[PDB]
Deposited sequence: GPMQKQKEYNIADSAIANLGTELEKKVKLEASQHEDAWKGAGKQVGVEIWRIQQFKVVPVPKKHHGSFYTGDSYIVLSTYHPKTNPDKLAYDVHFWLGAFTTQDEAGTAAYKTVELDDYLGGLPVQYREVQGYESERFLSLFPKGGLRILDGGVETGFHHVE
């Protein structure tokens, strides 16, 4: 069921950080060169793959969704839903973290942090 989201294909296969941005309801990869820079107007999903203490050859997961101070409701809500989807894609193993701009957890801060002005346009059609 999560198999119908192309963005998850190949995710979480090695230790590291993978990042997607919500863009008009779609999950769009963020190129590695930009990891750590977040548009204040947008919402993101950050998958941290690491080796657990219990076995240095296995993989565990923290999944953070990051909500910019000016992100719109469609973007934050998509980021939440798709975080659950990615968690399910990885068998429920990821631990979820909600990160709000300026309130990021110690865990999130430890992955890197630059905040960029603006962001992509909302996916909502505004009803007048």
message: Let me make sure I understand the coverage. Which parts of the deposited sequence, in order from the N-terminal end, have no C-alpha coordinates here?
response: 1-30, 143-146
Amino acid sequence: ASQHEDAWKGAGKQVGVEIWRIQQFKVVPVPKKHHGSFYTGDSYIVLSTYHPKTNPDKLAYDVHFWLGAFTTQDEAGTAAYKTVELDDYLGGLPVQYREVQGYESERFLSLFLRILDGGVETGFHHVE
From here on, numbers count along this sequence of modelled residues.
- line: Comparing 26-34 with 77-85, the higher average Cα temperature factor in the PDB entry belongs to 26-34
- request: Would you mind comparing 5-13 and 116-124 for me and telling me which has the higher average C-alpha temperature factor in the entry?
  value: 5-13
- prompt: Where does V100 sit by CA temperature factor within its chain: lowest, middle or highest third?
  reply: middle
query: Among the chain's modelled residues, which third holds the C-alpha B-factor of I45?
result: lowest
- prompt: In terms of the chain's CA B-factor thirds, is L90 lowest, middle or highest?
  reply: middle
